[PDB]
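Before any comments, here is the structure.
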Protein chains: 2
Amino acid sequence: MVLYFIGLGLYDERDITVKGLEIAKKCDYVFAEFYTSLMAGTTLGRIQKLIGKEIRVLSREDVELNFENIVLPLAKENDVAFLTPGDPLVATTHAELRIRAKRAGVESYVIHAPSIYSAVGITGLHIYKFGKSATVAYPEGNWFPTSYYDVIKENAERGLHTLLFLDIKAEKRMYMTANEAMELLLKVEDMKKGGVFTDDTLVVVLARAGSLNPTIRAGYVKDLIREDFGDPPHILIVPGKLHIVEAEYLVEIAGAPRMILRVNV
Amino acid sequence: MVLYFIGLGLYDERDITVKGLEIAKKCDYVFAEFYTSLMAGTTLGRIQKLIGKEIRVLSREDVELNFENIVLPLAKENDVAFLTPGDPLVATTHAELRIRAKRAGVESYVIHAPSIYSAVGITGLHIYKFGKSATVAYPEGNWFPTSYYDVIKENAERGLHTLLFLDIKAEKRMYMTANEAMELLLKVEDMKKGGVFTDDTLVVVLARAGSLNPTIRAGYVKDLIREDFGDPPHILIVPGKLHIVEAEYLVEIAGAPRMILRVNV
Ligand SMILES: Nc1ncnc2c1ncn2[C@@H]1O[C@H](CSCC[C@H](N)C(=O)O)[C@@H](O)[C@H]1O
């Protein structure tokens, strides 16, 4: 009579940790959500096969409004698991579900899985150099989100890199590409005109991290804004001032233009 | 012709991903390094038995100075794995290892695993609010390094959280405790008197992340500085101003005093 929050990792069913798999195999009931991120290399069927259980998938409303009425009841009698893409507590509000579990008298445990937040290390950029992170959200109606632009500005003034989670509307099967996030940023730039994101800004794209062949590309917005980075999910990074070894990696591994090697210390 | 960078995850031998395990098993040769960190919840013997391969351990000098003479040669006609604690490439120097593989005409792929960078999401603190990260180093001889103190100050004045890695002598297996880190910081505060770390500063201590029973504690320095957080490894975090949901989690899950919901929000 326990609840496990188990991450499924970055790309496919095998990105689950061994810990997570052996525990999920022995749970009486398994629930999951696939709206906080997209695992482009697997299916519900392959996940069910691996864990050997029937997974019931919940929507954002099931989780946000009825988690305590749908999942918690069973965890009082049984050992229940709640699976999520990547790490369950990164760039989600699932941490709060722990609090609901405690007041329902249910003990909860967390099994981590690889997360996009640390997988950025594959870009060659020093992970300690990342500053505040932000989310590029799709505009809707007359509401046009722009706070993520200011995040970039603040980080870059400090010489820190900016990680940008891209929006996702899983019920619409919509996954924001790096391209779309660049276009949105250029628009915010025309408006605020702070010189923060232009045709000359160096960016880094990481798509489908976790796969054996993720797309890793670095370059100026003018040259990458229309490039095909493959299927989602995508993440966009606006680097701060680069260390030489960072630049060397972006060039050798991410095909960045030779000219970024000459940093302006 | 292939080199696999495989992460071992956070604490024990089950923290490797299913993908990482299966690939490691199909490799002709398996190397590991334990100089960037250790896997405090297991042993080399137990990891070897899980992988079903003898594992040759490499020292810092093995890697930094002779990676191309020890590892790359076998990867020319074999499948070779290089295991590292946490998520590969999060350690500042390992990304350039990929460049060496390239220069030697060797294919390389990265198999991710949970990292402390994402795992701290279990503290209930929003991942996006973390700013620049740093390492607390022991002073020694005539050298008193204090840059980590400066990192806290510039993150906190922007309302950002500071993730602090604590000094480790992997080879000697000596860990800096969160307690020592706190006293260190208090000493640096008395030196710089910038009002960044005092008895009244709120901190979060995460110990043995990855374990089913990690220690997560939150409170003021004056009450936590002599408390026993258990066995290493310890991670220290100095949160910036909290969102109410953050504070509620710290109170409900990490045993923080109610006081923070009116003092640090
Ligand atoms: N494998 C992957 N490759 C690239 N971006 C990814 C990714 N997985 C997640 N993301 C990014 O993160 C967003 C979801 S945010 C939720 C993240 C998740 N808890 C984790 O730990 O990874 C996506 O819209 C996308 O921009």
Side-chain angles (χ1 to χ4, degrees), chain A residues 7 9-10 12-19 21-22 50 86-91 93 95-96 98-99 102-103 109-119 121-135 154-155 158 160 163 165 209-210 212-214 245-246 248-249 252-253, chain B residues 7 9-10 12-19 21-22 50 86-96 98-99 102-103 109-119 121-122 124-135 154-155 158 160 163 165 209-210 212-214 245 248-249 252-253:
Chain A
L10 310 157
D12 55 62
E13 72 287 344
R14 290 201 304 161
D15 290 316
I16 188 173
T17 61
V18 168
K19 177 162 291 154
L21 175 64
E22 312 197 312
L50 183 71
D87 180 295
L89 304 188
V90 172
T93 58
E96 191 269 337
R98 281 206 92 187
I99 301 181
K102 176 183 176 195
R103 310 178 166 159
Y109 295 79
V110 183
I111 318 309
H112 302 280
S115 161
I116 187 61
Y117 192 77
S118 81
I122 195 172
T123 62
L125 295 169
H126 300 330
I127 180 159
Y128 74 83
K129 279 178 67 180
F130 276 71
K132 183 176 193 179
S133 300
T135 298
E154 186 199 270
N155 279 337
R158 297 210 281 148
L160 302 176
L163 171 64
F165 293 98
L212 273 296
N213 287 111
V245 72
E246 294 182 307
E248 288 186 326
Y249 187 104
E252 291 294 336
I253 307 297
Chain B
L10 299 162
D12 55 57
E13 75 290 332
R14 291 203 304 165
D15 291 338
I16 188 170
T17 68
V18 170
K19 174 182 285 162
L21 175 59
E22 305 197 332
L50 185 82
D87 190 16
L89 273 57
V90 159
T92 302
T93 59
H94 280 186
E96 87 95 34
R98 275 209 101 193
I99 299 176
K102 184 193 179 177
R103 298 262 163 99
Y109 304 90
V110 179
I111 310 314
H112 299 279
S115 162
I116 194 63
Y117 272 95
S118 49
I122 199 168
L125 296 170
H126 300 324
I127 281 297
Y128 82 92
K129 292 177 67 182
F130 279 79
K132 186 176 183 171
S133 298
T135 303
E154 306 276 0
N155 284 332
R158 296 163 166 82
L160 302 182
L163 176 57
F165 286 90
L212 278 195
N213 299 291
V245 186
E248 309 196 306
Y249 182 107
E252 300 295 343
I253 310 300

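Below, read A as the first sequence line, B as the second, and so on, with proteins coming before strands; counting in each chain starts at 1. Side chains are part of it too, since the values below use all heavy atoms of this structure and drop only hydrogens, waters and symmetry mates.
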| remark: Max heavy-atom pairs within cutoff under 4.5 Å with chain A, candidates B:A95, B:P114, B:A119, goes to B:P114

| query | Measuring from A:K129:NZ to B:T92:OG1, what's the distance to the nearest 0.5 Å? | reply | 10.0 Å

| field | Spatial distance of atom NZ (B:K19) from atom CG (A:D12) [nearest 0.5 Å] | value | 3.5 Å

Which one, [options], leads in non-hydrogen pairs under 4.5 Å with chain B?
| options | answer |
| --- | --- |
| A:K102, A:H112, A:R103, A:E246 | A:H112 |
| A:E22, A:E248, A:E96 | A:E22 |
| A:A91, A:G210, A:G86 | A:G210 |

| said: Within the structure provided, determine whether A:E13 and B:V18 are in side-chain contact (heavy-atom separation under 4.5 Å). | reply: no

| Is any side-chain heavy atom of A:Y128 less than 4.5 Å from a side-chain heavy atom of B:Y117? | yes

Counting only heavy atoms closer than 4.5 Å, note whether [X] contacts chain A via side chain, backbone, both or neither.
| X | result |
| --- | --- |
| B:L163 | neither |
| B:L21 | side chain |
| B:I122 | both |
| B:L212 | both |
| B:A113 | backbone |
| B:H126 | neither |

Against chain B, label [X] side chain, backbone, both or neither, depending on which of its atoms sit under 4.5 Å from a heavy atom there.
| X | value |
| --- | --- |
| A:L10 | side chain |
| A:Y109 | side chain |
| A:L160 | side chain |
| A:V245 | side chain |

| request: List for me each residue that meets salt bridge (charged side-chain N to carboxylate O under 4.0 Å, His left out) alongside A:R98, sequence neighbours excluded, and say none if there are none. | output: none

| Under 3.5 Å, is there a donor-acceptor pair between the B:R158 and A:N155 side chains? | no

| message | Assess, by modelled atom type and distance only, whether the side chains of A:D87 and B:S118 contain a donor and an acceptor separated by less than 3.5 Å. | response | no

| task | With sequence neighbours left out, write down each residue that passes ring-ring contact (aromatic ring centres under 6.0 Å, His included) with A:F165, or none if nothing qualifies. | result | none

| So which heavy atom on A:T17 is nearest to which on B:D15, and how close? | CG2-O, 3.6 Å

| said: Can you confirm whether more than 12 heavy atoms, excluding those of B:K132, are under 6.0 Å from its NZ atom? | reply: no

